[PDB]
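only the shape, not the letters, is given here:
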């Protein structure tokens, strides 16, 4: 997944487009906020027990 | 001793320091509320004799000038499962509070009523003292060796940290003249009407420092523990 | 007399009753405004020493979180035929008011200024006493033989019942220590800053009872004349 | 020969050049689509062993973050007079494409399937070879005598230039170790999952150069035929 694809989207934007521009390059965007709450705070990766753990790559 | 420009600059600054600390001067309080989006709400009150601020749970939540779901969030914060909200944690809730007093406060007079979300200081009204005297927790904001303000900082990092908040302080008065004695009590009543209030939301702490704290020679302590303000006593 | 769990439960409850009634405790007021849609607005204030609430005509009208015509309604209520409204009776006007005080109030201190829609207590300022002492009209809200609160209920069933409203009460004080004497008057001034306020609109009286009154051990008297609250003095 | 800062800087840069070109390093492709409003869409993919990009006709059209007529435009591009569109030429269609590969590609492995708007490489499926080997058309993007990338630029200036597009290249491998031999084929399958993709639309080529190409040390060839990138082999 891309940076943009991991951000929160609530089914049913302009400012968050600019947030992305300002995250790709410092001061690259014209955003109305310091920290976007749509950014993930954490990630958990889970594999099934059928994986071989020594093959996992990230 | 013939550098009169020098002597007068030092006196001009010292007079400012001392006037603020006189019974004729201001006492000021600020409440900063910090939101997860990095914005900061500031409420300020400036008055003679005594000063304070009191806000509801709802009034401390983030509002971006220029709702239905956040109404329901409030219902669900007043009573568990009382609302029909489409979210677990509202990002409009403050994550932290800083209370700052001017150096003209007497720290031993500071009082705070940090209530729950239905504005009860301590679980139930029947067992609530209406305030706590929190002065011992205030840190000195210092610049150049001078106390420029007093700060109390607290996080609300837990889901259950849903608060109403009032704070109050009395202007210092090392004299034995009681400003609330019969001779002047009507002046203190008038001071309640004369107090000026200010509130505004800054997009970032940088903007708060640059455009609110610094231009007005106010004291501040930032998230990095850095002190801001201007030292005036016996200083050029 | 060796059932210490029993003795301690009774003391815990009695201490709550007595603390609230001490000069260290809260005095509280609530104003309920009832609308024709069956919703209820509540305004609460909790403070030491004394407490009150003051609202404009406009502030008491129903507002459903999440206007042009209702602005004009106000113009037409301030002066007959002063507005260009598209309706005879606004359903946002309250149909009734109930004022409730905590049992820590002294009923003889209660004062009410029920003004007209331009906030004049009695027709013209020049002939207005600024309040009426209405304590004699307050009914005791009782549970289990204990006074848990005091209620004054009045309907506004007529088209001409368009009001502004303020109410005030003083915490009981059977001692001869005047809490507003010079020794403590600055504490009463601070109490004005420290008072916590709450306001919210409930969809129905059921929801008000279930989610506002009951969880907080507040007193209430419903439209059916049924009393709610919790008796604590010498009780398990 | 005792300027070790000098020797180490040259080695640091050379190691970067050589690592990228190793079987352990990245191979990267970019597709730039140029619109008549001067904006540029970039799609990038970075992977080990091999890399490519495949997009539909619809996916290459301009989209400005923050439709009905453009849906109909698509219908009228899939089949003549198939749509009910309110315009002759959609300005959302790209006017030109540039494909850039990293210098770690082997140019003789590059393949492109430039289809029609219904995603057929050559008029009808039945007579289509699924790709063309276009490496001979790629120009060397050079800085300071070093190949920093490879570019294929083509205009779509005609009304009938309505395309779907895929491009693919293999990381250079001058060894006789086949990275797709049985010993490592599962690693190449994993590389398909591990490839990272990026896409964004820049308002102007200036902004693309300033904020996308330059900060990331990527290669680029602008509309004026000027080369960008960073030469690293044996260089300080």
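That came through fine. Numbers count the residues shown, from 1 in each chain, chains lettered A, B, ... in the order given.

apart from its neighbours in sequence, what residue is nearest the residue in chain A positioned nearest to chain D?
Closest residue of chain A to chain D, Cβ to the nearest Cβ: residue A:14 (2.7 Å). No exception for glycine: its C-beta is placed from N, CA and C like everyone else's. Counting by Cβ to Cβ, 6 or more residues apart in numbering or on different chains, residue D:66 is the residue found nearest to residue A:14 once chain neighbours are left out, at 2.7 Å.

now do that neighbour against chain C, distance only.
24 Å (Cβ to the nearest Cβ, to the nearest Å).

hmm, that residue is touching residue A:19, no?
No. Using Cβ atoms under 8 Å, residue D:66 is not in contact with residue A:19; the gap is 11.0 Å.

stretch A:21-31: which residues count as buried?
The neighbour-count check on stretch A:21-31 (16 or more other Cβ atoms under 10 Å in any protein chain shown) flags A:21, A:22, A:23, A:24, A:28, A:29, A:31 as buried.

could I get these as JSON lines with secondary structure?
As requested, these are arranged in JSON lines below (DSSP: H, G, I helix; E, B strand; the rest coil):
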{"residue": "A:21", "secondary structure": "helix"}
{"residue": "A:22", "secondary structure": "helix"}
{"residue": "A:23", "secondary structure": "helix"}
{"residue": "A:24", "secondary structure": "helix"}
{"residue": "A:28", "secondary structure": "coil"}
{"residue": "A:29", "secondary structure": "coil"}
{"residue": "A:31", "secondary structure": "coil"}
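
closest one to chain B out of the residues you listed, please.
residue A:31 (9.1 Å).

check contacts around the closest one.
When contacts are counted by Cβ atoms under 8 Å, 6 or more residues apart in numbering or on different chains, residue A:31 touches A:15, A:18, A:19, A:21, A:22.

and the second one, what element?
Right, the one you point to is residue A:18. Here residue A:18, judged by DSSP states H and E, is contained in helix A:14-24.

what's that helix in contact with?
Outside helix A:14-24, the residues that touch it by Cβ under 8 Å, 6+ apart are A:3-4, A:7, A:28-33, A:36, A:38, D:65-66, D:200, D:211-212.

kindly indicate whether the residue of chain A positioned farthest from its centre is helix, strand or coil.
Distance from the centre of chain A peaks at residue A:50, with 27.9 Å (Cα atoms, centre = their mean). Under three-state DSSP, the three-state class of residue A:50 is coil.

please apply the same query to residue A:9.
Going by three-state DSSP: residue A:9 is coil.

neighbours around it, how many?
Residues near residue A:9, counting by other Cβ atoms under 10 Å in any protein chain shown, number 10.

for chain A, which residue gets nearest to chain B?
residue A:34 (2.9 Å).

that residue sits in which helix or strand?
Using DSSP H and E, residue A:34 sits in no helix or strand.

count the residues that sit near it.
19.

what do you get for residue A:52?
Neighbour tally, residue A:52, other Cβ under 10 Å: 7.

now swap in the one 3 residues further on and tell me
Residues lying near residue A:55 (other Cβ under 10 Å) number 10.

what sits against residue A:28?
Residues near residue A:28 by Cβ under 8 Å, 6+ apart: A:21, A:22, D:211.

swap the cut-off to 10 Å and go again
Taking Cβ atoms under 10 Å, 6 or more residues apart in numbering or on different chains, we find residue A:28 in contact with A:18, A:20, A:21, A:22, D:202, D:207, D:210, D:211, D:212, D:215.

also residue A:55?
A:47, D:186, D:187, D:190.

for residue A:47, phi and psi?
phi -110, psi 150 (degrees, to the nearest 10).

over to the one 5 residues further on?
For residue A:52, the backbone dihedrals are phi -100, psi 120 (criterion: degrees, to the nearest 10).
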